[PDB]
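Asks: One structure follows; several queries about it will come next.
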Amino acid sequence: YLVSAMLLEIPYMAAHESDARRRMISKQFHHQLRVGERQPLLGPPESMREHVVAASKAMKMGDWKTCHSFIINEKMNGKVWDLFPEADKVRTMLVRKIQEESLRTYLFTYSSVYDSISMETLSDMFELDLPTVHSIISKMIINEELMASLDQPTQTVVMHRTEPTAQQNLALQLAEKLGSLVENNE
Amino acid sequence: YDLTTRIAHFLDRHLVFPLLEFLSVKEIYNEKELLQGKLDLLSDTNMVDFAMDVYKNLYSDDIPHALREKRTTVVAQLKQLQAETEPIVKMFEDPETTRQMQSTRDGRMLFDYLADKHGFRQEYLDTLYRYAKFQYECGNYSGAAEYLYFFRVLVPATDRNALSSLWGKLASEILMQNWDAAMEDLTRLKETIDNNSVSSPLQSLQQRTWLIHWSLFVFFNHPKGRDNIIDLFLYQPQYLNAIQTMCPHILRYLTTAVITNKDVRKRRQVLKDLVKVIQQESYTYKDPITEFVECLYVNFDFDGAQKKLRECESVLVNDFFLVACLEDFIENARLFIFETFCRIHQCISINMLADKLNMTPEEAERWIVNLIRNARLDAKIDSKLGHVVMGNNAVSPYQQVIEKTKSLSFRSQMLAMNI
Amino acid sequence: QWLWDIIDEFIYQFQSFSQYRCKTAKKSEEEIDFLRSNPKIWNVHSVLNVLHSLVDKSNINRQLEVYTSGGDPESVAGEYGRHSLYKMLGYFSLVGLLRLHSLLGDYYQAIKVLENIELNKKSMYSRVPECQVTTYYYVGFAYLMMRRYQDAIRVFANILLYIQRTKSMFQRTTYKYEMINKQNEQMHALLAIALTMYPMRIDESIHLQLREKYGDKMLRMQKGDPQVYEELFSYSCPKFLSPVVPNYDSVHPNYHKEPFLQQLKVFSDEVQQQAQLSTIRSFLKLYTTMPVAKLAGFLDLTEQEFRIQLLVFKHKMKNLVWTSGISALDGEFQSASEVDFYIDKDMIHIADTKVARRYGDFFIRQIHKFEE
């Protein structure tokens with residue numbers, strides 16, 4: 001959920017040739033291919049209904065359903081560290097939900113705020129000034145920076161330009177195939 | 001690793017000639033003390049690299065430095081005690097044992113040129129044994145060792161004497177501060193390190209720290225001598241599994257050669273599997289200063305990077321060794337944090353940059369100019385205001401695939417039109 | 001032996017076939033009509049005019065490599081063997097144009113190239129792509145020596161990509177295709193460095209693999225590395241006045257070296273000034289209307305110390321590639337910044353690719369109806 005529903009919600013908008021073929025989709029095709037769901041009861045849906053909001057980031061909504069009724073059902077009690085594994089989890093919920101609007105909701109976002117982003121989700125400014133810096137180099141995102149002002153101008157334009165590149169998801173898988181045709185021929 | 005199996009039963013149980021100590025409690029720059037103290041453990045009888053450990057600070061305890069190395073340097077050891085008025089009169093051993101040798105060594109140095117001018121393999125084999133004995137006894141007498149391991153090098157007991165006398169000779173030449181005859185012996189270490197030996201982990205870690213010792217005290221173009229000091233022994237960063245690896249200035253000379261003398265396109269080799277994972281990360285815990293050089297630097301940090309990299313450089317200059325790999329490494333810690341930034345970003349007010357980097361906006365103008373002519377910082381300059389824009393983003397990348405579809409198929413189905 | 005006796009036999013056969021084509025290609029239209037009618041294959045009698053011509057071009061200078069001073073072969077070739085085929089009535093096929101190409105082969109070997117205006121004027125025959133390749137090959141060298149590289153760069157890209165649609169299929173070249181391909185490569189690589197960053201003419205002919213190789217060379221040459229110019233001259237110096245190949249590299253005879261010196265001494269003095277101009281103009285026009293401060297800042301890069309900075313910059317500005325001016329009142333260096341655009345490299349390919357569909361159904365629908 002933190003190495004798949006985050007690492008791979010970047011290339012899932014029409015760039016499929018990095019899909020790791022052993023993940024939650026073991027079970028994510030199951031507890032989604034059901035005609036009825038509500039407030040989850042099992043482990044996996046109670047490990048999903050905060051994941052589904054970890055797509056609509058909601059730092060509030062996702063942190064509030066790994067600590068709902070698990071401290072009886074072995075999350076907090078059992079992991080023999082009384083409260084701290086949540087202080088770990090909460091942090092990897094707080095932080096891994098600032099790395100989301102960055103990767104998902106950036107379309108009309110040109111001028112954005114990175115002081116108020118610290119006020120929204122309550123992580124340390126340096127522990128947000130690090131990953132907001134990481135967001136550019138580590139994930140090669142189309143967004144510019146002058147971080148004496150603590151800002152990230154985007155100038156992304158890819159939206160109906162990645163559609164003709166979503167034609168190159170397959171226009172490559174035409175002319176990437178002619179590379180493989182005459183390997184067999186001779 | 002493979003040999004970490006054999007390490008599992010040793011775990012730092014080496015046996016070289018120098019045994020015990022390095023000049024105890026100093027005050028400040030506290031990481032430098034043990035990182036050279038542990039080289040002195042496996043290196044050899046250093047000798048003004050001791051008085052380099054002196055000048056650092058003040059206390060007194062220069063006493064047991066080389067006074068327990070007597071067979072060579074007899075007077076300078078008996079000197080150093082009365083240099084500080086220390087009555088340890090029990091030093092009257094070498095006036096006997098050195099005087100005892102004369103009549104023997106006299107016969108041997110007149111069997112020397114019955115072996116040289118003749119060119120006799122067996123009259124030489126005689127003189128060989130007798131001097132091979134003397135060389136391990138005291139071959140400093142490194143002028144005599146330079147005479148010895150220049151001709152037929154081989155020793156009668158072809159292993160341990162050609163090990164220790166040649167190893168002690170490499171060291172001894174350095175203790176007199178001779179380099180070119182230390183550099184032929186350098187290649188005669190390149191011999192025994194790769195031959196190799198019985199080659200147990202006690203000899204593996206020995207011989208890996210061994211060839212990195214002369215790389216510590218830089219004399220030659222060790223900028224070039226880096227590729228030689230790195231590409232040996234399943235080329236690890238530290239050379240050893242032995243997580244207590246203490247020749248760990250490796251990264252300063254790897255980064256010297258490839259950033260300062262080469263350039264780091266080409267950072268792939270220097271950083272990725274040479275820095276992050278285990279051995280260098282064990283050293284990233286050890287050392288306070290040259291932690292930050294790859295801790296903020298892997299975090300891809302922008303200005304607070306250049307802050308800690310500047311405070312790094314200000315005591316990088318305190319690389320108080322036979323140094324010769326300094327301002328290259330200093331100005332190129334500034335150079336690479338510059339080029340990592342100048343790869344990607346939007347723009348900068350170079351008045352701010354200059355304030356952040358501790359120069360003036362005039363230098364900042366001339367400095368972006370000299371990087372545009374370098375063609376590494378790929379952008380054009382605004383004249384005065386100091387807003388040299390950095391605006392590279394791809395547009396319509398179909399050109400590759402467009403002509404690519406007919407770069408192969410359009411001229412490879414013309415293959416079919418000749419039948 | 002095994003070389004000179006065969007050379008003499010070949011030369012005699014070429015002078016014989018030069019006389020045969022000199023006689024019956026002015027008044028007579030009887031042997032021509034016989035050759036159109038009876039032998040159905042149009043190949044062989046058009047092949048002869050290139051097959052013999054290329055080995056004659058070879059054998060002429062091969063003999064001249066010995067007979068350097070007071071040369072027979074070039075006078076026997078040009079005046080008697082080539083001009084006799086050139087100045088005549090045009091054979092109404094691919095012979096008339098190939099006779100002009102056979103003369104232009106030696107007219108280029110000799111560095112006396114000025115009749116490029118006449119050779120193309122009197123070539124009013126249908127420019128069949130087979131002859132068009134050799135046209136833009138030979139005429140290209142005239143534009144290269146015309147020191148107008150912005151116009152000359154366009155010519156060599158046509159012959160180097162070979163999208164001209166030459167399909168023979170009867171060994172017409174002949175036996176030397178990779179030599180002409182490498183020669184066009186080296187001439188294109190020469191034209192690339194002389195103008196960069198103006199072209200933006202080096203994507204089509206040779207694509208991104210050798211483009212990046214010659215691109216790294218091109219950057220080194222402009223930044224001041226003379227090794228690239230040395231390589232560029234060394235690989236091209238034979239390619240100017242090589243027949244096809246010399247006779248035999250020997251030590252005893254001093255004759256064979258004298259033409260090789262004539263080849264070296266000519267095309268060095270021309271390209272050395274071009275290599276200097278490449279470094280003079282190397283630096284990109286970053287800024288237009290420069291003030292006195294970083295005018296002197298860019299005078300440093302042009303040439304400093306000290307004496308003669310201003311006059312040297314003036315000399316470097318007067319090279320037909322630096323349009324600028326000095327405003328002495330305001331102290332304002334008002335310079336040009338000539339840049340171009342890319343995207344329309346996808347304009348002649350859309351038609352090529354429509355004919356690439358036709359190409360896809362040329363051979364295969366030939367097979368189809370040879371298969372039914």
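Simple scheme: letters A, B, ... for chains in structure tokens order, numbers from 1 for residues in each chain, numbers from 1 for ligands in the order shown.
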Residues of chain B within 12 Å of chain A, counting only C-alpha atoms, what are they? List them as a PDB file with N, CA and C atoms, in the first residue's frame.

Replies:
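After the write, selection-v4.pdb holds the following:
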ATOM      1  N   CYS B 295      24.886  12.806   2.548  1.00  0.00           N
ATOM      2  CA  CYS B 295      23.629  12.640   3.340  1.00  0.00           C
ATOM      3  C   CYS B 295      22.581  13.670   2.897  1.00  0.00           C
ATOM      4  N   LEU B 296      22.926  14.962   2.930  1.00  0.00           N
ATOM      5  CA  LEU B 296      22.118  16.056   2.321  1.00  0.00           C
ATOM      6  C   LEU B 296      22.153  15.917   0.796  1.00  0.00           C
ATOM      7  N   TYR B 297      23.281  15.432   0.269  1.00  0.00           N
ATOM      8  CA  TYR B 297      23.597  15.332  -1.179  1.00  0.00           C
ATOM      9  C   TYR B 297      22.721  14.260  -1.848  1.00  0.00           C
ATOM     10  N   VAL B 298      22.439  13.139  -1.168  1.00  0.00           N
ATOM     11  CA  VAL B 298      21.491  12.088  -1.661  1.00  0.00           C
ATOM     12  C   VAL B 298      20.048  12.594  -1.508  1.00  0.00           C
ATOM     13  N   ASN B 299      19.792  13.496  -0.548  1.00  0.00           N
ATOM     14  CA  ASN B 299      18.469  14.153  -0.347  1.00  0.00           C
ATOM     15  C   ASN B 299      18.234  15.237  -1.414  1.00  0.00           C
ATOM     16  N   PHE B 300      19.229  15.519  -2.269  1.00  0.00           N
ATOM     17  CA  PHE B 300      19.145  16.422  -3.450  1.00  0.00           C
ATOM     18  C   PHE B 300      18.882  17.861  -2.981  1.00  0.00           C
ATOM     19  N   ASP B 301      19.434  18.231  -1.820  1.00  0.00           N
ATOM     20  CA  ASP B 301      19.127  19.502  -1.106  1.00  0.00           C
ATOM     21  C   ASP B 301      19.814  20.658  -1.852  1.00  0.00           C
ATOM     22  N   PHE B 302      19.330  21.889  -1.647  1.00  0.00           N
ATOM     23  CA  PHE B 302      19.417  23.024  -2.609  1.00  0.00           C
ATOM     24  C   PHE B 302      20.404  24.093  -2.109  1.00  0.00           C
ATOM     25  N   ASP B 303      20.189  24.629  -0.899  1.00  0.00           N
ATOM     26  CA  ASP B 303      20.949  25.767  -0.303  1.00  0.00           C
ATOM     27  C   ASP B 303      21.558  25.327   1.034  1.00  0.00           C
ATOM     28  N   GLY B 304      20.739  24.745   1.919  1.00  0.00           N
ATOM     29  CA  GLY B 304      21.169  24.080   3.167  1.00  0.00           C
ATOM     30  C   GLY B 304      22.133  22.928   2.912  1.00  0.00           C
ATOM     31  N   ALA B 305      22.135  22.372   1.693  1.00  0.00           N
ATOM     32  CA  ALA B 305      23.194  21.476   1.164  1.00  0.00           C
ATOM     33  C   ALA B 305      24.519  22.240   1.115  1.00  0.00           C
ATOM     34  N   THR B 340      24.640  19.834 -10.179  1.00  0.00           N
ATOM     35  CA  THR B 340      23.407  19.094  -9.781  1.00  0.00           C
ATOM     36  C   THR B 340      22.211  20.056  -9.789  1.00  0.00           C
ATOM     37  N   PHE B 341      22.423  21.306  -9.360  1.00  0.00           N
ATOM     38  CA  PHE B 341      21.415  22.400  -9.371  1.00  0.00           C
ATOM     39  C   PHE B 341      21.205  22.902 -10.805  1.00  0.00           C
ATOM     40  N   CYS B 342      22.306  23.159 -11.522  1.00  0.00           N
ATOM     41  CA  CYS B 342      22.336  23.745 -12.893  1.00  0.00           C
ATOM     42  C   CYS B 342      21.864  22.736 -13.955  1.00  0.00           C
ATOM     43  N   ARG B 343      21.611  21.479 -13.575  1.00  0.00           N
ATOM     44  CA  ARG B 343      21.009  20.433 -14.449  1.00  0.00           C
ATOM     45  C   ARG B 343      19.527  20.744 -14.719  1.00  0.00           C
ATOM     46  N   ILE B 344      18.780  21.216 -13.708  1.00  0.00           N
ATOM     47  CA  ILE B 344      17.300  21.005 -13.595  1.00  0.00           C
ATOM     48  C   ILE B 344      16.501  22.308 -13.418  1.00  0.00           C
ATOM     49  N   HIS B 345      16.961  23.248 -12.579  1.00  0.00           N
ATOM     50  CA  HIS B 345      16.132  24.298 -11.909  1.00  0.00           C
ATOM     51  C   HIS B 345      15.547  25.304 -12.916  1.00  0.00           C
ATOM     52  N   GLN B 346      14.807  26.310 -12.425  1.00  0.00           N
ATOM     53  CA  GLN B 346      14.054  27.323 -13.224  1.00  0.00           C
ATOM     54  C   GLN B 346      14.949  28.508 -13.590  1.00  0.00           C
ATOM     55  N   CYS B 347      15.546  29.125 -12.569  1.00  0.00           N
ATOM     56  CA  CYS B 347      16.289  30.413 -12.611  1.00  0.00           C
ATOM     57  C   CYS B 347      16.768  30.724 -11.191  1.00  0.00           C
ATOM     58  N   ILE B 348      17.596  31.757 -11.030  1.00  0.00           N
ATOM     59  CA  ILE B 348      18.007  32.278  -9.693  1.00  0.00           C
ATOM     60  C   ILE B 348      18.494  33.722  -9.853  1.00  0.00           C
ATOM     61  N   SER B 349      18.150  34.588  -8.896  1.00  0.00           N
ATOM     62  CA  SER B 349      18.792  35.913  -8.698  1.00  0.00           C
ATOM     63  C   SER B 349      20.211  35.660  -8.178  1.00  0.00           C
ATOM     64  N   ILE B 350      21.230  35.850  -9.022  1.00  0.00           N
ATOM     65  CA  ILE B 350      22.636  35.429  -8.728  1.00  0.00           C
ATOM     66  C   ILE B 350      23.229  36.287  -7.595  1.00  0.00           C
ATOM     67  N   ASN B 351      22.593  37.415  -7.247  1.00  0.00           N
ATOM     68  CA  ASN B 351      22.884  38.204  -6.016  1.00  0.00           C
ATOM     69  C   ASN B 351      22.571  37.356  -4.773  1.00  0.00           C
ATOM     70  N   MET B 352      21.458  36.611  -4.795  1.00  0.00           N
ATOM     71  CA  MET B 352      21.048  35.646  -3.736  1.00  0.00           C
ATOM     72  C   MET B 352      22.058  34.490  -3.714  1.00  0.00           C
ATOM     73  N   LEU B 353      22.266  33.830  -4.863  1.00  0.00           N
ATOM     74  CA  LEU B 353      23.240  32.714  -5.049  1.00  0.00           C
ATOM     75  C   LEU B 353      24.584  33.091  -4.415  1.00  0.00           C
ATOM     76  N   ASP B 355      25.376  35.470  -2.268  1.00  0.00           N
ATOM     77  CA  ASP B 355      25.169  35.612  -0.799  1.00  0.00           C
ATOM     78  C   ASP B 355      25.110  34.219  -0.153  1.00  0.00           C
ATOM     79  N   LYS B 356      24.446  33.254  -0.803  1.00  0.00           N
ATOM     80  CA  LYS B 356      24.318  31.848  -0.323  1.00  0.00           C
ATOM     81  C   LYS B 356      25.669  31.115  -0.421  1.00  0.00           C
ATOM     82  N   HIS B 387      19.272  37.313 -13.692  1.00  0.00           N
ATOM     83  CA  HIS B 387      18.195  36.291 -13.789  1.00  0.00           C
ATOM     84  C   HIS B 387      18.438  35.431 -15.035  1.00  0.00           C
ATOM     85  N   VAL B 389      17.953  32.519 -16.888  1.00  0.00           N
ATOM     86  CA  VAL B 389      16.843  31.518 -16.831  1.00  0.00           C
ATOM     87  C   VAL B 389      17.402  30.127 -17.159  1.00  0.00           C
ATOM     88  N   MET B 390      16.785  29.092 -16.583  1.00  0.00           N
ATOM     89  CA  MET B 390      17.136  27.657 -16.750  1.00  0.00           C
ATOM     90  C   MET B 390      15.856  26.906 -17.153  1.00  0.00           C
ATOM     91  N   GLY B 391      15.481  26.994 -18.434  1.00  0.00           N
ATOM     92  CA  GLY B 391      14.157  26.592 -18.949  1.00  0.00           C
ATOM     93  C   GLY B 391      14.247  25.508 -20.009  1.00  0.00           C
ATOM     94  N   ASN B 392      14.743  24.322 -19.634  1.00  0.00           N
ATOM     95  CA  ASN B 392      14.788  23.108 -20.494  1.00  0.00           C
ATOM     96  C   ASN B 392      13.659  22.157 -20.076  1.00  0.00           C
ATOM     97  N   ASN B 393      12.671  21.970 -20.958  1.00  0.00           N
ATOM     98  CA  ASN B 393      11.642  20.896 -20.881  1.00  0.00           C
ATOM     99  C   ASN B 393      11.359  20.399 -22.303  1.00  0.00           C
ATOM    100  N   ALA B 394      11.222  19.078 -22.471  1.00  0.00           N
ATOM    101  CA  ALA B 394      10.999  18.392 -23.766  1.00  0.00           C
ATOM    102  C   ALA B 394       9.691  18.885 -24.401  1.00  0.00           C
ATOM    103  N   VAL B 395       9.652  18.967 -25.737  1.00  0.00           N
ATOM    104  CA  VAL B 395       8.448  19.334 -26.542  1.00  0.00           C
ATOM    105  C   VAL B 395       8.324  18.349 -27.710  1.00  0.00           C
ATOM    106  N   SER B 396       7.206  17.614 -27.779  1.00  0.00           N
ATOM    107  CA  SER B 396       6.797  16.767 -28.930  1.00  0.00           C
ATOM    108  C   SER B 396       7.914  15.780 -29.276  1.00  0.00           C
ATOM    109  N   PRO B 397       8.127  14.700 -28.483  1.00  0.00           N
ATOM    110  CA  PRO B 397       9.310  13.847 -28.622  1.00  0.00           C
ATOM    111  C   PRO B 397       9.114  12.697 -29.627  1.00  0.00           C
ATOM    112  N   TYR B 398       8.323  12.938 -30.676  1.00  0.00           N
ATOM    113  CA  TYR B 398       7.864  11.931 -31.669  1.00  0.00           C
ATOM    114  C   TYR B 398       8.942  11.751 -32.743  1.00  0.00           C
ATOM    115  N   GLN B 399       9.739  12.803 -32.980  1.00  0.00           N
ATOM    116  CA  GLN B 399      10.831  12.880 -33.994  1.00  0.00           C
ATOM    117  C   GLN B 399      11.658  11.589 -33.994  1.00  0.00           C
ATOM    118  N   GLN B 400      12.049  11.106 -32.808  1.00  0.00           N
ATOM    119  CA  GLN B 400      12.801   9.831 -32.642  1.00  0.00           C
ATOM    120  C   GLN B 400      12.005   8.702 -33.314  1.00  0.00           C
ATOM    121  N   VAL B 401      10.753   8.468 -32.900  1.00  0.00           N
ATOM    122  CA  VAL B 401       9.902   7.318 -33.345  1.00  0.00           C
ATOM    123  C   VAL B 401       9.499   7.522 -34.813  1.00  0.00           C
ATOM    124  N   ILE B 402       9.254   8.774 -35.218  1.00  0.00           N
ATOM    125  CA  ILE B 402       8.813   9.173 -36.592  1.00  0.00           C
ATOM    126  C   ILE B 402       9.791   8.591 -37.623  1.00  0.00           C
ATOM    127  N   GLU B 403      11.040   9.070 -37.619  1.00  0.00           N
ATOM    128  CA  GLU B 403      12.104   8.657 -38.575  1.00  0.00           C
ATOM    129  C   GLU B 403      12.619   7.251 -38.223  1.00  0.00           C
ATOM    130  N   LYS B 404      12.474   6.815 -36.962  1.00  0.00           N
ATOM    131  CA  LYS B 404      12.900   5.478 -36.449  1.00  0.00           C
ATOM    132  C   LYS B 404      12.140   4.357 -37.170  1.00  0.00           C
ATOM    133  N   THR B 405      10.846   4.558 -37.447  1.00  0.00           N
ATOM    134  CA  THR B 405       9.950   3.567 -38.108  1.00  0.00           C
ATOM    135  C   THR B 405      10.461   3.249 -39.524  1.00  0.00           C
ATOM    136  N   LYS B 406      11.140   4.202 -40.182  1.00  0.00           N
ATOM    137  CA  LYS B 406      11.685   4.066 -41.564  1.00  0.00           C
ATOM    138  C   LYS B 406      13.221   4.150 -41.594  1.00  0.00           C
ATOM    139  N   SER B 407      13.889   4.346 -40.452  1.00  0.00           N
ATOM    140  CA  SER B 407      15.367   4.227 -40.320  1.00  0.00           C
ATOM    141  C   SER B 407      15.788   2.760 -40.493  1.00  0.00           C
ATOM    142  N   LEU B 408      14.912   1.820 -40.116  1.00  0.00           N
ATOM    143  CA  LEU B 408      15.114   0.351 -40.252  1.00  0.00           C
ATOM    144  C   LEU B 408      14.344  -0.161 -41.476  1.00  0.00           C
ATOM    145  N   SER B 409      13.007  -0.112 -41.426  1.00  0.00           N
ATOM    146  CA  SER B 409      12.082  -0.888 -42.299  1.00  0.00           C
ATOM    147  C   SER B 409      12.153  -0.410 -43.756  1.00  0.00           C
ATOM    148  N   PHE B 410      12.290   0.900 -43.995  1.00  0.00           N
ATOM    149  CA  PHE B 410      12.265   1.502 -45.357  1.00  0.00           C
ATOM    150  C   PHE B 410      13.519   1.122 -46.156  1.00  0.00           C
ATOM    151  N   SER B 412      15.488  -1.746 -45.108  1.00  0.00           N
ATOM    152  CA  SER B 412      15.686  -3.190 -44.794  1.00  0.00           C
ATOM    153  C   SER B 412      14.681  -4.080 -45.546  1.00  0.00           C
ATOM    154  N   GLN B 413      13.673  -3.500 -46.214  1.00  0.00           N
ATOM    155  CA  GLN B 413      12.773  -4.209 -47.173  1.00  0.00           C
ATOM    156  C   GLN B 413      13.180  -3.874 -48.619  1.00  0.00           C
ATOM    157  N   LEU B 415      16.168  -4.672 -49.190  1.00  0.00           N
ATOM    158  CA  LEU B 415      16.880  -5.982 -49.161  1.00  0.00           C
ATOM    159  C   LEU B 415      16.155  -7.018 -50.038  1.00  0.00           C
TER     160      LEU B 415
END

Asks: Tell me which protein, DNA and RNA residues are within 10 Å of residue 342 in chain C, counting only C-alpha atoms, leaving out same-chain ones fewer than 5 positions away, and put them as a ChimeraX atom specification.

Replies: /C:199-201

Asks: Leaving out residue 75 in chain A and any residue of its chain fewer than 6 positions from it, which residues lie within 12 Å of it when counting only C-alpha atoms, given as a list in words?

Replies: residues 43, 46, 47, 65, 66, 67, 68, 69, 81, 82, 83, 84, 85, 86 and 89 of chain A

Asks: Go ahead and write the selection's residues with N, CA and C atoms as a PDB file, in the first residue's frame.

Replies:
ATOM      1  N   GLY A  43      -9.947  -7.588   7.986  1.00  0.00           N
ATOM      2  CA  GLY A  43      -8.639  -6.908   7.913  1.00  0.00           C
ATOM      3  C   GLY A  43      -8.433  -6.207   6.570  1.00  0.00           C
ATOM      4  N   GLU A  46     -10.590  -3.149   5.851  1.00  0.00           N
ATOM      5  CA  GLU A  46     -10.138  -2.163   6.878  1.00  0.00           C
ATOM      6  C   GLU A  46      -8.682  -1.750   6.600  1.00  0.00           C
ATOM      7  N   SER A  47      -7.979  -2.465   5.709  1.00  0.00           N
ATOM      8  CA  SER A  47      -6.658  -2.095   5.129  1.00  0.00           C
ATOM      9  C   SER A  47      -6.816  -1.613   3.676  1.00  0.00           C
ATOM     10  N   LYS A  65      -8.603   5.158   9.895  1.00  0.00           N
ATOM     11  CA  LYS A  65      -9.109   3.796   9.560  1.00  0.00           C
ATOM     12  C   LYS A  65      -7.955   2.781   9.439  1.00  0.00           C
ATOM     13  N   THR A  66      -6.790   3.069  10.038  1.00  0.00           N
ATOM     14  CA  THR A  66      -5.783   2.070  10.493  1.00  0.00           C
ATOM     15  C   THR A  66      -5.750   2.045  12.029  1.00  0.00           C
ATOM     16  N   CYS A  67      -6.564   2.887  12.682  1.00  0.00           N
ATOM     17  CA  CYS A  67      -6.676   3.031  14.160  1.00  0.00           C
ATOM     18  C   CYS A  67      -8.155   3.106  14.579  1.00  0.00           C
ATOM     19  N   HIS A  68      -9.055   2.459  13.826  1.00  0.00           N
ATOM     20  CA  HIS A  68     -10.525   2.474  14.060  1.00  0.00           C
ATOM     21  C   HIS A  68     -10.874   1.456  15.156  1.00  0.00           C
ATOM     22  N   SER A  69     -10.782   0.157  14.843  1.00  0.00           N
ATOM     23  CA  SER A  69     -11.092  -0.976  15.757  1.00  0.00           C
ATOM     24  C   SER A  69     -10.074  -2.109  15.553  1.00  0.00           C
ATOM     25  N   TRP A  81       5.440  -2.783  20.859  1.00  0.00           N
ATOM     26  CA  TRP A  81       5.837  -1.360  21.015  1.00  0.00           C
ATOM     27  C   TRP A  81       4.504  -0.611  21.134  1.00  0.00           C
ATOM     28  N   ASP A  82       4.132  -0.151  22.330  1.00  0.00           N
ATOM     29  CA  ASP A  82       2.705   0.070  22.703  1.00  0.00           C
ATOM     30  C   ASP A  82       2.047   1.066  21.734  1.00  0.00           C
ATOM     31  N   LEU A  83       2.579   2.290  21.611  1.00  0.00           N
ATOM     32  CA  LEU A  83       1.965   3.399  20.820  1.00  0.00           C
ATOM     33  C   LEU A  83       2.827   3.816  19.613  1.00  0.00           C
ATOM     34  N   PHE A  84       4.115   3.453  19.568  1.00  0.00           N
ATOM     35  CA  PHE A  84       5.133   4.048  18.655  1.00  0.00           C
ATOM     36  C   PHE A  84       4.985   3.560  17.209  1.00  0.00           C
ATOM     37  N   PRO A  85       4.674   2.269  16.930  1.00  0.00           N
ATOM     38  CA  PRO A  85       4.394   1.808  15.565  1.00  0.00           C
ATOM     39  C   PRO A  85       3.286   2.579  14.826  1.00  0.00           C
ATOM     40  N   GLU A  86       2.346   3.180  15.564  1.00  0.00           N
ATOM     41  CA  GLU A  86       1.338   4.126  15.013  1.00  0.00           C
ATOM     42  C   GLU A  86       2.021   5.469  14.726  1.00  0.00           C
ATOM     43  N   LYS A  89       3.467   4.776  11.642  1.00  0.00           N
ATOM     44  CA  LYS A  89       2.375   4.640  10.637  1.00  0.00           C
ATOM     45  C   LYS A  89       1.807   6.023  10.296  1.00  0.00           C
TER      46      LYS A  89
END

Asks: For chain B against chain C, which residues fall within 6 Å using only C-alpha atoms, given as a list in words?

Replies: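 The selection requested is residues 380, 381 and 417 of chain B.
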
Asks: Any chance you could export the current selection's N, CA, C and O atoms as a PDB file, in the first residue's frame?

Replies:
ATOM      1  N   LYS B 380      21.092  30.323 -21.645  1.00  0.00           N
ATOM      2  CA  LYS B 380      21.579  31.647 -22.130  1.00  0.00           C
ATOM      3  C   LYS B 380      21.432  32.679 -21.005  1.00  0.00           C
ATOM      4  O   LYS B 380      20.492  32.535 -20.198  1.00  0.00           O
ATOM      5  N   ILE B 381      22.292  33.705 -20.998  1.00  0.00           N
ATOM      6  CA  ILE B 381      22.411  34.704 -19.891  1.00  0.00           C
ATOM      7  C   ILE B 381      21.528  35.924 -20.192  1.00  0.00           C
ATOM      8  O   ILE B 381      21.523  36.389 -21.351  1.00  0.00           O
ATOM      9  N   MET B 417      14.176  -6.438 -52.799  1.00  0.00           N
ATOM     10  CA  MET B 417      13.867  -5.923 -54.166  1.00  0.00           C
ATOM     11  C   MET B 417      14.968  -6.294 -55.175  1.00  0.00           C
ATOM     12  O   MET B 417      14.843  -5.868 -56.344  1.00  0.00           O
TER      13      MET B 417
END

Asks: Would you mind listing, for every residue of range 29-141 of chain B within 7 Å of range 155-164 of chain B, the two atoms forming the shortest contact and the distance between them in Å to one decimal, using only C-alpha atoms, sorted by chain and ascending residue number, as a Markdown table?

Replies:
| residue | atom | partner | partner_atom | distance |
| --- | --- | --- | --- | --- |
| B:128 | CA | B:155 | CA | 6.6 |
| B:129 | CA | B:156 | CA | 5.9 |
| B:132 | CA | B:155 | CA | 6.3 |
| B:136 | CA | B:161 | CA | 6.6 |

Asks: Which distance in Å separates CA of residue 337 in chain B and CA of residue 273 in chain B, to one decimal?

Replies: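 Computing the Euclidean distance for CA of residue 337 in chain B and CA of residue 273 in chain B yields 19.4 Å.
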
Asks: I'd like the interatomic distance between CA of residue 385 in chain B and CA of residue 357 in chain B, to a tenth of an Å.

Replies: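 Separating CA of residue 385 in chain B from CA of residue 357 in chain B is a distance of 18.2 Å.
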
Asks: Quick check, in Å to one decimal: how far apart do CA of residue 209 in chain B and CA of residue 267 in chain B lie?

Replies: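 CA of residue 267 in chain B lies at a distance of 24.6 Å from CA of residue 209 in chain B.
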
Asks: Just asking: which residues within range 104-234 of chain C are alpha helix (DSSP H) according to DSSP, as a count of residues only?

Replies: 83

Asks: Could you give me, as a PDB file with C-alpha atoms, in the first residue's frame, the residues within 8 Å of residue 163 in chain A, counting only C-alpha atoms and dropping anything in the same chain fewer than 4 positions from it?

Replies:
ATOM      1  CA  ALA A  14      -1.123   6.269 -19.816  1.00  0.00           C
ATOM      2  CA  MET A 159      -2.679  16.850 -20.394  1.00  0.00           C
ATOM      3  CA  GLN A 167      -0.732   7.085 -28.822  1.00  0.00           C
TER       4      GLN A 167
END
